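The next block holds one structure in the form of structure tokens; read it before the comments.
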Protein chains: 6
Amino acid sequence: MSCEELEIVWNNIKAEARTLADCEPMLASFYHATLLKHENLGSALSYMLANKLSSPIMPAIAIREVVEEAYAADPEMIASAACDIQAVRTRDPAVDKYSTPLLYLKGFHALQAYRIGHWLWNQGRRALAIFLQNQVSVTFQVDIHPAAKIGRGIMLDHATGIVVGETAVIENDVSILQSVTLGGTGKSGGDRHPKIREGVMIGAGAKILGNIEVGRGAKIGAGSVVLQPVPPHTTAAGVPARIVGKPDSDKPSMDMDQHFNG
Amino acid sequence: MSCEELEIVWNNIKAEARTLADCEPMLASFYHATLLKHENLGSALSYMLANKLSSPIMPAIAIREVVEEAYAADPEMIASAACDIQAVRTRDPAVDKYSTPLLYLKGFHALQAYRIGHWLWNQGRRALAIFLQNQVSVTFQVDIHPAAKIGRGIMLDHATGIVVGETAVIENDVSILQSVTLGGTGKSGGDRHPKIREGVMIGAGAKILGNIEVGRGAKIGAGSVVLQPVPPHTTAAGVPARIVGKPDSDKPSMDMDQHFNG
Amino acid sequence: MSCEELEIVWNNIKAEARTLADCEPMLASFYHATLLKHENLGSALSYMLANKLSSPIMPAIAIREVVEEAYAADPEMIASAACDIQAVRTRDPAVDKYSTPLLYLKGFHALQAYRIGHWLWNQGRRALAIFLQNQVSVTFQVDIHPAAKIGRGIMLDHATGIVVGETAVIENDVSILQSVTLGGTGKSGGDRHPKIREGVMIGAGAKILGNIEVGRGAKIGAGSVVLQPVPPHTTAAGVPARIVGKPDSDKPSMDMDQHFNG
Amino acid sequence: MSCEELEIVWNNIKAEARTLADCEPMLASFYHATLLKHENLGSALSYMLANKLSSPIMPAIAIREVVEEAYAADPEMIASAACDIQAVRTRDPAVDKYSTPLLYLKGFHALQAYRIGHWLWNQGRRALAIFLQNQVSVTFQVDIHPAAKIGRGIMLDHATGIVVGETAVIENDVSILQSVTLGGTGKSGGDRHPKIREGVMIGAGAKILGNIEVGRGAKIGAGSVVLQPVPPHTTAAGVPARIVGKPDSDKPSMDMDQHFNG
Amino acid sequence: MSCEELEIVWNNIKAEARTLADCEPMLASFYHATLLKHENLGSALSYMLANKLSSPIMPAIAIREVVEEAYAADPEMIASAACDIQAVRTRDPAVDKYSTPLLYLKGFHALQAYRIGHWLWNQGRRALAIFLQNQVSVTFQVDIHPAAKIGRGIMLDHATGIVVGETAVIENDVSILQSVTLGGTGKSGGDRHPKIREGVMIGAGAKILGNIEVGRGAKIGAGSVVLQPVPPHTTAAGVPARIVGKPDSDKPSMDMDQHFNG
Amino acid sequence: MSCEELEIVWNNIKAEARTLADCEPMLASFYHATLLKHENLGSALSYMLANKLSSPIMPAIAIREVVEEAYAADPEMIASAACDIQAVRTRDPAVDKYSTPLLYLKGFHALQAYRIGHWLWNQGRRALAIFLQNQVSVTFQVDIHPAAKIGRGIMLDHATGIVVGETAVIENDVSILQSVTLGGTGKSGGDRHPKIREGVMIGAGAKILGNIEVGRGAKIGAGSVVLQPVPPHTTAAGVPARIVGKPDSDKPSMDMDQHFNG
């Protein structure tokens with residue numbers, strides 16, 4: 001995601017937004033406020049997060065300032081958001097616009113919310129990070145610990161019931177569905193959550209528990225319970241999971257083939 | 001659901017409401033506003049939908065005109081709601097009143113909200129339909145794509161975590177529990193979601209993926225991951241699912257027998 | 001939980017609040033209003049529940065009086081909340097403070113909301129109870145029927161998607177994760193939901209269906225579908241689940257070992 | 001105001017609305033919802049009243065049914081609003097559009113809210129009428145008792161601080177400014193408030209107290225304190241007021257000449 | 001106002017509240033929450049103030065606690081409220097119930113709000129007192145400096161535009177109408193506001209400016225500008241005011257005779 | 001007002017905020033969000049206006065961008081606000097802090113809201129301006145037409161009931177109290193509202209009507225009705241007003257002597 005490519009995803013969002021105002025006069029001012037009035041993705045993201053997260057405790061106007069402070073300090077979060085937008089648009093056939101994730105999709109919203117909380121956590125502002133984690137769980141039904149380390153090009157399609165714990169890692173170009181847990185084991189601190197490598201697809205309802213590897217290009221079948229490491233470019237399925245095949249592609253996250261004969 | 005039988009469902013709802021208002025002074029005014037003031041199920045329904053889906057982006061008062069416009073153009077939607085209410089009351093032992101689904105049950109609300117989104121989608125108002133889909137996902141935790149084709153006499157019991165994709169079909173007299181996915185596969189458009197035929201029961205947490213058929217009178221056991229077509233009058237269970245038996249009834253959606261040995 | 005132990009968990013929460021106010025100025029007035037201004041747990045709980053259960057139909061101020069009346073009639077509900085705070089702090093390595101469950105964790109909030117609903121249900125105020133049940137489902141994504149009998153020292157970790165039905169029993173010192181169903185079967189009323197005995201641990205996404213026992217100190221593996229009774233001190237896993245071993249502790253709810261194999 | 005002339009006021013409002021929506025993207029959706037979606041003045045009016053009077057005690061959606069019920073039973077109220085709109089547009093040089101009073105002018109809103117309160121009062125719904133009176137006083141700063149009898153073609157320009165008591169009469173084609181009191185005297189019931197006849201203009205801050213007559217075509221100067229009857233076609237001014245002259249027009253309410261030397 | 005008389009005004013409010021729930025089913029839960037559920041006037045007052053004053057800055061639940069703390073420390077404020085209620089009921093013929101001021105009348109609400117701010121001011125909590133003064137000005141359109149000293153048996157009828165400054169004093173049994181200013185002069189601190197003695201009636205729009213006496217039993221005519229002391233049992237009127245008569249009663253505040261021939 | 005004087009009033013406001021946070025813990029996060037988190041007046045103003053102008057039609061976050069665009073185009077509006085803060089602090093003995101006008105005083109809030117409306121009005125965004133005009137009237141009870149030309153160093157003390165019309169002019173260093181009308185005459189447009197020149201003081205409830213001059217350093221007595229021009233350095237009072245004397249200062253707006261006689 002280069003500076004020029006960033007400006008193209010933003011230009012495509014704007015172009016679409018013009019169409020949308022003309023399609024739905026009841027949302028025209030909504031499209032104007034969220035998209036058309038903004039000159040870059042960062043301003044559109046801070047607007048969305050501020051309004052979605054908002055509460056009596058913390059108004060949208062206050063939140064936006066924290067968000068904008070995060071993005072000034074680490075503008076790469078904006079670029080990660082762009083890659084997440086492209087991932088949804090290319091991988092999800094129900095989404096044919098760049099603007100749709102930004103406008104509507106709770107998984108995209110929760111992902112960008114996590115990035116703010118993560119930045120806050122790393123700055124030492126943990127109380128606020130933990131508040132936001134739990135507000136995002138109630139509001140968007142996605143529960144991501146702010147100490148998790150999550151890359152870019154991530155799709156959280158549908159997203160309700162996703163849980164990602166404190167020591168999890170998710171690398172770039174990972175596709176995760178509703179009700180996926182990357183969960184802990186034990187009652188002690190320490191490394192205890194999954195390590196999800198690049199290219200991995202995880203079907204709806206998968207539980208992956210403990211400090212275990214899911215290697216690059218692996219496919220986790222829907223409804224699996226994964227208790228042991230999954231080798232790269234392998235397909236795991238069942239309760240508990242065992243290796244049952246190998247994906248037909250190097251990066252199953254890009255193709256979303258939900259079959260697990262293989 | 002004839003026009004006479006509709007008026008009897010409505011008359012029962014009102015009769016229940018009077019008793020409810022006399023017993024719970026904190027909710028007397030809520031019962032009056034939602035039920036005792038309306039002269040038909042349609043008005044009560046637009047009321048409930050407008051109030052529950054209300055947001056700063058679109059207020060109750062605006063939502064309601066959209067709902068009433070849809071009901072005027074396709075009054076069968078109101079009949080469909082009435083059947084959905086009877087489905088819940090007869091199939092769910094936790095419900096002993098026609099008023100309960102209408103007042104409180106988020107799966108019932110999500111289902112009627114889907115109906116409005118589907119009507120909008122079909123008229124060409126896709127942008128509003130997609131907005132409402134995702135509003136419904138955040139508020140009721142049910143994510144139903146508005147292009148899904150869903151019949152009547154449907155129960156969505158508990159409902160949190162339900163996902164029904166763009167090309168799904170659900171025929172009449174189907175019962176579905178919490179965390180059920182009628183999900184897609186692949187990254188291209190076109191039919192890629194299940195077709196659930198009449199009489200089918202789907203237990204909690206079942207995942208049915210792809211353009212596969214679940215035949216009439218079939219039972220899908222809780223926690224199943226169904227990747228292949230399920231023949232009529234069969235029971236499927238497992239990760240991945242296989243045919244394990246046959247239901248004791250012609251329409252397992254009616255009796256809610258969660259056992260799978262058949 | 002005695003009166004002096006109650007007062008100490010409260011003292012701990014207050015001390016933690018002082019620090020929290022000092023280190024996050026955006027939240028200072030929040031910590032002050034939730035924690036610092038109160039002289040006991042009960043008063044902090046009513047505050048939290050009032051604000052979290054608040055809606056157009058019932059504002060915080062009116063809810064609070066209901067909570068306070070319940071707590072004056074049954075002070076053991078405050079003590080049960082204490083035990084639930086301890087349960088979380090000791091069992092959940094993501095949690096290192098007494099105040100965290102109270103301030104933030106929706107499973108803890110939903111559990112205490114259920115207590116109020118259960119109290120109302122046993123007073124004959126069933127309409128109010130069912131209304132709160134379904135509100136808690138929409139707002140915290142936890143659906144517990146107020147006639148469920150649930151003990152103390154309970155953790156609902158993450159919690160999204162939890163469903164507990166009408167005739168369920170959960171005894172003391174039980175740990176339950178996201179997307180756990182204690183669910184029914186059949187369309188007739190009467191006893192039909194699980195009896196989960198003391199010390200049980202239930203992992204993510206487990207469905208336990210019917211009026212079946214899960215014996216003391218049992219362990220239910222993540223993703224299991226339990227259709228048959230599970231003996232005391234035994235581990236069940238699979239779809240459908242079978243006995244696969246015995247836990248390494250007497251009360252697996254306290255240790256949270258998600259491994260099954262043993 | 002015939003039924004043909006009403007439709008022309010409405011058609012002009014809609015024509016204005018289209019231009020307004022094209023010029024101000026932040027308000028495009030507001031114009032659409034308030035004006036362009038309605039097919040008559042009555043729907044637009046119930047919309048505006050429901051939204052503006054909305055409170056936690058009574059929401060917009062509930063207010064609107066009350067308003068629409070009143071308009072169905074006494075459609076002349078809608079004609080009265082249409083005349084009040086023409087009054088403002090023709091008499092107030094700051095208004096050059098029929099849409100302006102309906103969209104923005106709190107004196108216009110307060111006056112139509114009075115009409116609903118008066119209808120309720122007359123049917124026997126006094127408790128609701130008194131609630132709305134005082135809600136209107138807090139929200140629009142106009143306090144009109146619902147038993148007041150107020151005709152049509154009335155302008156309440158600026159309107160803050162207007163008080164019209166229980167037994168007041170205001171005939172057709174009267175114009176009243178900010179901080180005008182049509183007030184009582186004494187501590188007993190019965191007629192004790194002014195009777196303002198047709199054509200009368202009342203300047204800012206005038207106080208008219210007791211059951212006294214202000215005759216047709218009379219002008220009351222700004223700041224007057226009128227304790228005694230004012231003859232038709234006369235001008236009164238002073239503290240206390242005396243007859244100082246005679247107006248230049250037959251109906252000073254039409255021309256708004258604030259000068260008092262006559 | 002004795003302890004027994006306090007219990008009688010409260011009993012009358014309760015009796016009326018029963019009638020009202022039966023008269024208006026849309027407000028029945030409102031009457032239940034505000035009046036019927038409370039066992040004394042103090043609890044009903046703290047409820048009303050908390051909900052009316054409420055804002056994003058300070059929620060109703062937080063405010064109620066401050067209010068209740070004020071009333072514990074100085075229960076005489078409750079008794080003053082009772083006398084203010086009786087004053088409205090006896091002096092205002094538009095009000096025939098004890099409950100009406102408590103439920104609806106913004107002047108009564110602003111008066112009781114001032115008592116809280118005044119208690120706060122005297123405790124040294126001036127920042128909060130000044131915040132509430134200005135919130136009451138926006139919300140109820142009454143602007144009373146918290147350092148003002150105001151007695152009991154006060155009626156603020158209609159109340160919009162009332163201003164009472166920092167060094168004002170208002171004794172018991174005073175009746176003040178809309179748009180009355182008890183105002184300052186100069187830009188220096190020090191005594192500079194009116195001293196209104198017992199029994200005084202002040203008509204709508206009167207301005208009384210500077211540190212001047214309005215002696216017991218005096219009558220200030222509507223629309224007067226009073227720049228010099230008014231002797232006891234005298235009637236002042238005009239701009240500027242001069243003595244023009246003497247009231248027909250010892251305590252013109254009780255009779256509300258608005259005439260000023262005398 | 002130079003750039004260094006601006007920065008000092010800001011420094012004063014911040015220092016005052018530190019103290020205010022320390023002494024009222026309920027408001028600490030409030031003071032922090034309004035004052036402490038900002039680096040300049042302009043940014044604190046946009047925050048305050050966004051939050052105070054916020055509504056369902058236009059949320060705080062969108063309003064704020066409008067305010068910021070106005071301030072970037074015309075930075076002198078920030079400097080005018082500074083001057084207005086000083087005006088209040090120096091002229092109003094109830095005010096001893098720079099932060100008080102900014103945090104609390106609705107006249108100061110309404111004045112800066114007018115500045116935004118005036119800027120929008122001169123950009124051709126007249127519909128938005130008129131919408132904000134009428135919102136400010138409902139919310140702060142101040143009705144200023146956005147085409148009014150108003151200078152800097154203005155105090156609107158108390159402010160409820162102020163009306164300023166379309167063609168009014170208010171020059172620098174003018175002081176105006178509650179219930180002042182600068183009002184029009186006639187039903188034709190064109191110039192028809194007062195021209196209030198530098199240094200004028202206008203007391204409570206004065207009405208000044210028509211396109212008439214009120215000359216520099218004049219004093220308008222409370223309750224006056226001014227229908228004829230008022231020479232520079234002259235005092236007008238009465239209904240209707242006449243010249244009664246000459247003020248004791250050059251700019252009576254600075255000294256606030258409400259006496260008239262001289």
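Going through the structure tokens in order, the chains are called A, B, and so on, while each chain numbers its residues from 1 and the ligands are numbered from 1 in the order shown.
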Q.
I need the residues of segment 85-236 of chain F that end up classed as alpha helix (DSSP H) by DSSP on the backbone, written out as a ChimeraX atom specification.
A. /F:85-91,99-104,106-122,126-140
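Counting only C-alpha atoms, residue 63 of chain C has the following residues at most 9 Å away, ignoring those fewer than 2 positions along the same chain: residues 46, 49, 50, 51, 53, 54, 58, 59, 60, 61, 65, 66, 67 and 68 of chain C.
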Can I get the selected residues back with C-alpha atoms, as a short mmCIF file (atom, residue, chain, number, x, y, z; two decimals), in the first residue's frame?
```cif
data_model
loop_
_atom_site.label_atom_id
_atom_site.label_comp_id
_atom_site.auth_asym_id
_atom_site.auth_seq_id
_atom_site.Cartn_x
_atom_site.Cartn_y
_atom_site.Cartn_z
CA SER C 46 -27.02 -0.76 40.97
CA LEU C 49 -26.87 -2.00 35.94
CA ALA C 50 -29.12 1.06 35.83
CA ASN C 51 -26.89 2.65 33.27
CA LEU C 53 -30.09 -1.58 31.27
CA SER C 54 -31.33 1.96 30.54
CA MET C 58 -37.12 2.40 31.20
CA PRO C 59 -34.57 5.09 32.11
CA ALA C 60 -31.55 4.45 34.37
CA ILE C 61 -33.10 6.23 37.33
CA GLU C 65 -34.83 1.71 42.07
CA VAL C 66 -35.84 -1.74 40.91
CA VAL C 67 -32.30 -3.05 41.36
CA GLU C 68 -32.10 -1.49 44.81
#
```
**Q.** Nearest to residue 93 of chain D by atom-to-atom distance, counting only C-alpha atoms, from F:198, F:166, F:213, F:257
**A.**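 Of all the options, F:166 lies closest to residue 93 of chain D.
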(Q) Give me the residues near segment 147-157 of chain D as an MDAnalysis selection string, where near means some atom within 6 Å (using only C-alpha atoms) and where sequence neighbours in that chain fewer than 6 positions away do not count. (A) chainID D and resid 80 83:84 87:88 107 118 166:177
(Q) Using DSSP secondary structure from the backbone, list all strand (DSSP E or B) positions within segment 111-224 of chain B, as a PyMOL selection string. (A) chain B and resi 142-144+149-150+155-157+162-164+169-170+175-177+181-183+195-196+201-202+207-209+213-214+219-220
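Picture a line from atom CA of residue 91 of chain F to atom CA of residue 256 of chain F; it runs 7.0 Å.
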Q. For residue 207 of chain F, which of D:179, D:234, D:99, D:261 is the closest residue, counting only C-alpha atoms?
A.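 Selected residue with least distance to residue 207 of chain F: D:179.
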Q | Test item: residues at most 8 Å from segment 235-241 of chain C, only C-alpha atoms, excluding those fewer than 4 positions along its chain, as a PyMOL selection string | A | (chain A and resi 239-240) or (chain B and resi 223-224+237-239) or (chain C and resi 218-228+230+245-247+260+262)
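Using only C-alpha atoms, the shortest contact distance between chain E and any of F:37, F:193, F:52, F:216 is found at F:52.
The shortest atom-to-atom distance to residue 92 of chain D, with only C-alpha atoms taken into account, belongs to D:105 out of D:232, D:105, D:192, D:3.
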With only C-alpha atoms as the counted atoms, please give the residues lying no more than 9 Å from segment 16-32 of chain B, apart from itself and same-chain residues fewer than 3 positions off, as a CSV table (one decimal) with N, CA, C and O atoms, in the first residue's frame.
```csv
chain,number,residue,atom,x,y,z
B,11,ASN,N,-56.4,-10.0,17.5
B,11,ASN,CA,-57.3,-9.9,18.6
B,11,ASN,C,-56.8,-10.6,19.9
B,11,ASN,O,-57.0,-10.0,21.0
B,12,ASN,N,-56.1,-11.7,19.7
B,12,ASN,CA,-55.4,-12.4,20.8
B,12,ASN,C,-54.2,-11.6,21.3
B,12,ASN,O,-54.1,-11.5,22.5
B,13,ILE,N,-53.5,-10.9,20.5
B,13,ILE,CA,-52.4,-10.1,20.9
B,13,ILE,C,-52.9,-9.0,21.8
B,13,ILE,O,-52.4,-8.7,22.8
B,35,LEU,N,-49.0,-2.0,21.4
B,35,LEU,CA,-50.1,-2.9,21.1
B,35,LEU,C,-51.6,-2.3,21.2
B,35,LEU,O,-52.3,-2.3,20.2
B,36,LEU,N,-52.0,-1.8,22.3
B,36,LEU,CA,-53.4,-1.5,22.6
B,36,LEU,C,-53.9,-0.3,21.7
B,36,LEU,O,-55.1,-0.2,21.5
B,37,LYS,N,-53.0,0.6,21.3
B,37,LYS,CA,-53.3,1.6,20.3
B,37,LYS,C,-53.5,1.3,18.9
B,37,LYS,O,-54.0,2.1,18.1
B,38,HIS,N,-53.0,0.1,18.5
B,38,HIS,CA,-53.1,-0.2,17.1
B,38,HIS,C,-54.3,-1.0,16.8
B,38,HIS,O,-54.8,-1.7,17.7
B,97,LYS,N,-47.5,-16.9,24.5
B,97,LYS,CA,-48.3,-15.7,24.1
B,97,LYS,C,-47.9,-15.3,22.7
B,97,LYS,O,-46.8,-15.3,22.3
B,98,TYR,N,-48.9,-14.9,21.9
B,98,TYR,CA,-48.7,-14.3,20.6
B,98,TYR,C,-48.0,-13.0,20.7
B,98,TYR,O,-47.2,-12.6,19.8
B,99,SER,N,-48.2,-12.2,21.7
B,99,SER,CA,-47.5,-10.9,21.9
B,99,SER,C,-46.0,-11.0,22.1
B,99,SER,O,-45.3,-10.1,21.7
B,103,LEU,N,-43.1,-8.3,20.8
B,103,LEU,CA,-42.7,-7.3,21.8
B,103,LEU,C,-41.1,-7.4,22.0
B,103,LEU,O,-40.5,-6.4,22.2
C,57,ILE,N,-37.7,3.0,27.1
C,57,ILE,CA,-38.9,2.4,27.9
C,57,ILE,C,-38.7,2.5,29.4
C,57,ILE,O,-39.7,2.8,30.1
C,58,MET,N,-37.5,2.3,29.8
C,58,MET,CA,-37.1,2.4,31.2
C,58,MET,C,-35.8,3.1,31.4
C,58,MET,O,-34.7,2.6,31.2
C,62,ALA,N,-35.1,4.9,37.0
C,62,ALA,CA,-36.2,4.0,37.4
C,62,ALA,C,-35.7,2.5,37.5
C,62,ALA,O,-36.1,1.8,38.4
C,125,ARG,N,-43.2,-10.9,38.9
C,125,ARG,CA,-43.1,-9.9,37.9
C,125,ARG,C,-42.4,-10.4,36.6
C,125,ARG,O,-41.3,-10.0,36.2
C,126,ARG,N,-43.1,-11.3,36.0
C,126,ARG,CA,-42.6,-12.1,34.9
C,126,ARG,C,-42.5,-11.4,33.6
C,126,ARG,O,-41.5,-11.6,32.8
C,127,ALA,N,-43.4,-10.4,33.3
C,127,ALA,CA,-43.4,-9.6,32.1
C,127,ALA,C,-42.1,-8.8,32.2
C,127,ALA,O,-41.4,-8.7,31.2
C,128,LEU,N,-41.8,-8.2,33.3
C,128,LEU,CA,-40.7,-7.3,33.5
C,128,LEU,C,-39.4,-8.1,33.3
C,128,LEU,O,-38.5,-7.8,32.5
E,25,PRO,N,-53.5,6.7,29.6
E,25,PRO,CA,-52.7,5.4,29.5
E,25,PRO,C,-51.3,5.6,28.9
E,25,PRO,O,-50.4,4.8,29.2
E,26,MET,N,-51.2,6.5,28.0
E,26,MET,CA,-49.8,6.8,27.5
E,26,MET,C,-48.8,7.4,28.5
E,26,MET,O,-47.6,7.4,28.2
E,27,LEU,N,-49.3,8.0,29.6
E,27,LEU,CA,-48.4,8.5,30.6
E,27,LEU,C,-48.5,7.7,31.9
E,27,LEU,O,-47.9,8.1,32.9
E,28,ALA,N,-49.2,6.6,31.9
E,28,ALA,CA,-49.4,5.8,33.1
E,28,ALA,C,-48.1,5.4,33.8
E,28,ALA,O,-47.9,5.6,35.0
E,29,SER,N,-47.2,4.9,33.0
E,29,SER,CA,-45.8,4.5,33.5
E,29,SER,C,-45.0,5.7,34.0
E,29,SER,O,-44.3,5.7,34.9
E,30,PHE,N,-45.3,6.9,33.3
E,30,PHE,CA,-44.7,8.1,33.7
E,30,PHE,C,-45.2,8.5,35.1
E,30,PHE,O,-44.4,8.8,36.1
E,32,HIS,N,-46.4,6.5,37.3
E,32,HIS,CA,-45.9,5.5,38.2
E,32,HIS,C,-44.5,5.7,38.6
E,32,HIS,O,-44.2,5.8,39.8
E,33,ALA,N,-43.6,6.0,37.7
E,33,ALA,CA,-42.2,6.3,38.0
E,33,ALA,C,-42.0,7.5,38.8
E,33,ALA,O,-41.2,7.5,39.7
```
Q | chain C contacts on chain A, only C-alpha atoms, 6 Å, as a list in words | A | residues 134, 138, 161, 185, 186, 187, 188, 189 and 239 of chain A
Q) atom CA of residue 82 of chain A to atom CA of residue 9 of chain A: how many Å, to one decimal? A) 7.0 Å
Q: Between atom CA of residue 229 of chain B and atom CA of residue 199 of chain A, measure the distance and give it in Å to one decimal.
A: 28.8 Å
